[PDB]
Structure formats: structure tokens, C-alpha cells
Amino acid sequence: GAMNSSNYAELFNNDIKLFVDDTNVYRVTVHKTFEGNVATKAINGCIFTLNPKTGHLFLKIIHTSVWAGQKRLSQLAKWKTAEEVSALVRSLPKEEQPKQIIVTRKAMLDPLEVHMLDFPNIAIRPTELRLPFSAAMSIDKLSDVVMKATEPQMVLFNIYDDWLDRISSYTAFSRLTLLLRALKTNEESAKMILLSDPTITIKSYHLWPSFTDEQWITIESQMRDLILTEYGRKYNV
Amino acid sequence: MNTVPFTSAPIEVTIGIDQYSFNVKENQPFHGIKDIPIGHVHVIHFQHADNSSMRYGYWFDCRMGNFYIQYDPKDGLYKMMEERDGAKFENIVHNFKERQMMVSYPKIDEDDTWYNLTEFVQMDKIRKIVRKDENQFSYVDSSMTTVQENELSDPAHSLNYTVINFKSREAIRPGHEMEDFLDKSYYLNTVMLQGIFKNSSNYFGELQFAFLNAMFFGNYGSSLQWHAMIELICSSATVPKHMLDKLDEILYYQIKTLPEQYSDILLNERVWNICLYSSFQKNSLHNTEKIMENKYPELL
Ligand SMILES: CCOC(=O)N1CCC[C@H](C(=O)NOC)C1
């Protein structure tokens, strides 16, 4: 059934699973027309498909051409997401295919279920967790590859960089979700924290800076403070 | 006009004949039902006074044989049987009639209700849904499960309705996933109408039979089937005009006949609200929407 706080350690067991987040598939800017009406302009989007155990991220870039001449784009986007995830699964060797796919938004359940009818043994699950994967486009290298794409494209990343050499998956996911929650609550402050110290760099083959274990503890503390800071600014506390 | 004689009535029971119901007391001179209209299927059904558990009954067509009812004290129910000796049967019936120990089928001449509920129902199709080929009549009760219910357990006692499942490979063409899920016309017109039922008459017959089993026996899987067959039509953007008009008439008479006090259990809020107010056919069921709004406005 649904994934929640109670069954959270299941994310890090040895059954292959993927989270699918569709928030950033259909992205628009709303603007005024010459006549004073409102219109939208689509920009490139992405499906965020993540193995929480290994950090492997399958970033399917959604180019604005896929929406040309289509109607009801917010509904289409869910089915296009499901089409692309099903295509990804079919492209993987059998022993790499997931046993479960967890969708971060319940509106993806029926589209994914229908696209996966050929895979009756792959469980499609919702989650009660409020995960911050919408903030993936706040990671500069992911935003850059999405915006620069001129055609549909799949790009593969490890969203944990090399962290699993030193920490467990559970801890790596906790770090990722804290980073993304912070970037979602106050992007400017979060990026300031991550780069305030010019001596710490991001390796060419990495997404995040090369913090030592001790520096990650400081960074993680600064991110929590930020989240609590924003929480007080928001609610006046 | 045909007759279903009863050998006797040893236990107190409410007897149904089509949409009529009446009580019989423990051991009264009740010997059966006469003046049954020829040309329709019929259902004779039972609810014991001492144990309302298990409504049960028999679908039959008097054109196919001479049928009677006889209580079986071992199995504890009123059983339908066929009498193969015609002269024996005519003599039994004529004697019970002469002694006026039969209730007369209460049909009002103006009243087309039963025709309207059974327009497309045919004994031969009932006997394929209810499999017991040694008898010309078909037993149904409150507890019998459907083939689909069993998939999700005795197959000889199942209701073999046509399986409808909107999230199935039968319903969804590879490559038309969104199209076929949001507009079920392919599944209705090619898979079900052309493929399985052959024509809309057979589809409506199964729909009507499913409703009647839901209503007369409280058969839950029958209610599921009735609603699935409605939903498949309403969720199709392309339906022949003659089917939509007939569907409106069918549902109108089903809603009209439904006991007001059973609406809570026999009517699925989601399906009806979807069909009348959100679906492709939200404007194609004028009579049904009007009677639903005036009779069950709570549900909506
Ligand atoms: C449908 C009409 O029958 C009834 O309403 N009944 C209840 C009262 C007694 C009647 C009866 O058994 N009469 O003939 C033997 C049956």
C-alpha cells in the first residue's frame, strides 16, 4: 500500500525500487498578451526518477516540442510521465527492473498503472511522505541540462555523488531530502550556505560540493536552522 | 397464460413473482401462481420467514416446459422442478384452479413494468450466465459470487457475467493507453459489442439481468456488474444513438422500480454522479437524470 513514516526503512532494502516525481514535467511561465489576456509559455521540464538505495537518477528531459498542438497539458503530462517511466523499465535488463515504483503524487497512480499493465508484478504505490523532489531544478547542473536541451534526452546522474563510500543509503537519503527541503523553502539562502566557502568546490563529475564529514555536519545544521528560520518567518513564531 | 403449481407450502415464506411479493403462512392452501404472462422470462423467489438469510429463486420461461415448486425438507428450500408428463401437469393445474388455491399474477393492464425491465433478457442467455444444463430454469441466490469476484470460490455455483475491468489489457490497446482509459469507446464498441456480445441487445440483456439479481436477491456481485456495464457506456465518447436512447429507458424503469428504502445499498454514488454529471453521456440520459433527481436527490 502507501509508503509512509512507519515503513520508511523499506526504501533501503535490497528490492529495487524507484521514486517517480512528475512535478517538473510540465512547466510554464504565465504572461499577458498584447490584447491584455493571459497566456502560458512552456519551458523544458523533466521527470525525476530516483533509486533511493543507490542514488541513481534517471532524468528524462521533457522538451517543449512534446506539448505542441496538444490540449489539456496538465493531464497529458501525467500520461507522458507514465509512458516514459514504462519505456525506461522496458529498456532495463530484467534483473535491473524495479519491483516497486513509488509515485510522489497520487494523480500518477492510474496513468502509471495503465502503462505498466505488461508488468503485473511491479507494484505501483503512493506515499504519504511530502518529499521535496520538486526542488531538483534548484540543483544547478540539473537545471542547466534541462534548459539547454533541444530535443528529448535521458541523462543519468548519481544524486548522492560519492557519499555512499562513507555513509549508508538511509543517511544519504536523509541528507538529500534535507538539502532539497532547504532549497525549496529558501533557495537563495540554501545556495548561499552551500557555496559561502570558495575553498570547497563541486567536482566536475558531482552535483554537490566536496564537503568533509565534519563540514557536512555543519552544513546539515545550517540547513535545519534555515528551514526553522523560514518556518518562523512564515508563521510568525 | 401459464401456471406454476406448488405441491405445498410447509414453511412460512414470502414468495416473489417478478416485481410482486406476498406472504404465505406455515401450511395454508397455497398451491401456486396462475395467469403468468407468456412471452417474458419470469423469476419466482423466496425469503423464509424464520431465516431471511438467503433470498433465492428461479428464472424460467413457461414456453420451455411445465415447471412446479416443491419444498424439500432435507435441503430446506422450495425447489423448482420440471414435470415431463403433460397430462399429469394439466390435470394438477386444472384441479388447483377449480379449487381456487392459486394466486393470480396481479398484472395491471396498463402496466408495462415487467416488459420494460426484461426487454432484452432471454432464457438462453441466463442459462449461460447461470450454468446448470440439466435444468431449463436457473437458480440464483443472495450469496452466489461472480467469476470476477472469484478471481480477486466454487465455480459450478458462480454467476458467469462478462468480465469488465477498466485497467486490463483487454480494455487498453498498447500505445493508446491515455486515449483508451479516458474514452472507453474502443472497449465498448470493438471489444465488448462487436467482439463478445455481438450486439447491443445481448449487452442490455446482461445489464438488465444483473440489475434484477441485485434487486431481488441483494446479490452484491450482480450490483457490481450492473454498475460496470452502465459506466462503460457512459465513459465512452462514441456510442450509437439508439443505444443511448434505449439505455435511458432501461435505467429509468430500473430506478423507478427500485424500493426507495434499498437505494442506500443498491446504488453506487460514484458511478451515478460520474455518469449523470461528469461523463461523456452526462446529457444523454434525460429521463434517468430526472427520476434520479426527484427520487434520490440525497445520493447526488
Ligand atoms: C399477490 C396477491 O397475494 C397476496 O397478497 N397474498 C397474501 C394474502 C393471501 C393470498 C393467498 O394466498 N390467496 O390464495 C390462496 C396471497
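For the protein sequence lines, the chains are A and B, in the order given.
With positions in the first sequence counted from 1, the corresponding number in the deposited numbering is that position plus 1832.
Quick note, the second sequence lines up with residues 1 to 152, 170 to 317 if you use the deposited numbering.
We treat Cβ as the ideally placed atom computed from N, Cα and C, and that holds for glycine.
Taking just the CA atoms, how far does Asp141 (chain B) sit from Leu264 (chain B)? 26 Å
Looking only at its chain, what residues have a beta carbon closer than 7 Å to the beta carbon of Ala231 (chain B), apart from the 5 residues adjacent to it on each side? Residues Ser239, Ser240, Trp243, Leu283 of the same chain have their beta carbon placed closer than 7 Å to that of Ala231 (chain B), with the five preceding and five following residues left out of the count.
Roughly how many whole angstroms lie between the Cα atoms of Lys258 (chain B) and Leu268 (chain B)? Rounded to the nearest angstrom, the two C-alpha atoms are 16 Å apart.
Use the C-beta contact count for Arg63 (chain B): other C-beta atoms within 10 angstroms, 16 or more gives buried, fewer gives exposed. exposed
Residue ranges of each beta strand (DSSP E) within the segment 1949 to 1978 of chain A, 3 or longer: 1955 to 1957
Sheet register partners of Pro2030 (chain A) (DSSP bridge): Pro2030 (chain A) is not bridged to any residue.
Could you work out which residue in B:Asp35, B:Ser53, B:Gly57, B:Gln136 is closest to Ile44 (chain B) when comparing CA atoms only? B:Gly57
Could you tell me how far apart the beta carbons of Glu187 (chain B) and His1947 (chain A) are, in whole angstroms, since I believe they sit closer than 8 Å? Actually they do not touch by this definition, with Cβ atoms about 16 Å apart.
Please list, in chain order, the residues of the segment 186 to 204 of chain B that have any C-beta partner in chain A closer than 7 Å. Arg186, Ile189, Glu194, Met195, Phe198
Going by CA-CA distance only, name the one from B:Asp50, B:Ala9, B:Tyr313, B:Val288 that's closest to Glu277 (chain B). B:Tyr313
Name the one or two DSSP bridge partners that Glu187 (chain B) has. DSSP output for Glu187 (chain B) lists no bridge partner at all.
For the segment 1839 to 1852 of chain A, list every residue whose C-beta sits within 8 Å of some C-beta in chain B, in sequence order. none
What whole-angstrom Cβ distance do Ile1934 (chain A) and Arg1957 (chain A) have, given they're in contact under 8 Å? About 5 Å separates the two Cβ atoms, so the contact holds.
Mind the definition here: the segment 192 to 208 of chain B touches the segment 1904 to 1922 of chain A only if three or more C-beta pairs lie below 8 Å; say whether that holds. yes
With 9 Å as the C-beta to C-beta threshold (strictly closer), list the residues of the segment 1907 to 1920 of chain A near chain B in chain order. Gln1907, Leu1908, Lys1910, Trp1911, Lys1912, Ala1914, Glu1915, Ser1918
I believe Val121 (chain B) touches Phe233 (chain B) by the beta-carbon criterion, under 8 Å. Please report the beta-carbon distance rounded to the nearest angstrom. At roughly 13 Å, the Cβ-Cβ gap does not stay under 8 Å, so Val121 (chain B) and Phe233 (chain B) are not in contact.
For a test of your reading of the model: does the CB of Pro106 (chain B) fall under 7 Å from any non-hydrogen atom of ligand 1? Yes or no. yes
DSSP three-state assignment for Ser104 (chain B), whether helix, strand or coil: strand
Is there a Cβ from chain A that is less than 8 Å from the Cβ of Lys307 (chain B)? So, not an interface residue.
Expected contact under 8 Å - CB spacing of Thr274 (chain B) and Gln28 (chain B) to nearest Å: No, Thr274 (chain B) and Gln28 (chain B) are not in contact; Cβ-Cβ is about 28 Å, not under 8 Å.
From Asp50 (chain B) to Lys88 (chain B), what does the alpha carbon distance come to, in whole angstroms? 33 Å
Looking at the C-beta of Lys79 (chain B), does it have a partner C-beta in chain A at a distance below 8 Å? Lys79 (chain B) does not count as touching chain A.
Taking 8 Å as the CB-CB limit, is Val1857 (chain A) close to chain B? So no, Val1857 (chain A) is outside the interface.
Whose Cβ in chain B lies nearer than 7 Å to the Cβ of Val1977 (chain A)? Correct list: empty, because the minimum Cβ distance to chain B is about 27 Å.
Could you give the distance in angstroms between the alpha-carbon of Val1917 (chain A) and the alpha-carbon of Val180 (chain B)? 29 Å
Sorted by chain position, which residues of the same chain lie with C-beta nearer than 6 Å to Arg1859 (chain A)'s C-beta, five sequence neighbours on each side aside? Around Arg1859 (chain A): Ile1875, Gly1877.
Cross-strand partners of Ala1871 (chain A) (DSSP beta bridge): Its beta-bridge partners are A:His1863.
With a threshold of 8 Å between beta carbons, is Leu1949 (chain A) in contact with chain B? yes
Starting from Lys184 (chain B), find everything on chain A with Cβ-Cβ shorter than 8 Å and list it in chain order. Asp1942, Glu1945, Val1946, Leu1949
beta-carbon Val24 (chain B) near ligand 1 non-hydrogen atom, thresh 7 Å: If you check the C-beta of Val24 (chain B) against ligand 1, you find a heavy atom less than 7 Å away.
What are the boundary residues of the beta strand (DSSP E) that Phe96 (chain B) is part of? Run containing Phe96 (chain B): none in the beta strand (DSSP E); it sits in the alpha helix (DSSP H), 86 to 98.
May I ask whether a heavy atom of ligand 1 can be found less than 7 Å away from the beta carbon of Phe60 (chain B)? no
What did DSSP end up calling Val1857 (chain A) once you bin it into helix, strand or coil? Look at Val1857 (chain A) here: in three-state DSSP terms it is coil, with no helix or strand label.
Any idea what DSSP makes of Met64 (chain B), helix, strand or coil? helix
Separation of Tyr279 (chain B) from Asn236 (chain B), as counted between CA atoms: 13 Å
Alpha carbons only, please: which of B:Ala9, B:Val24, B:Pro37 is nearest the one belonging to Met1 (chain B)? B:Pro37
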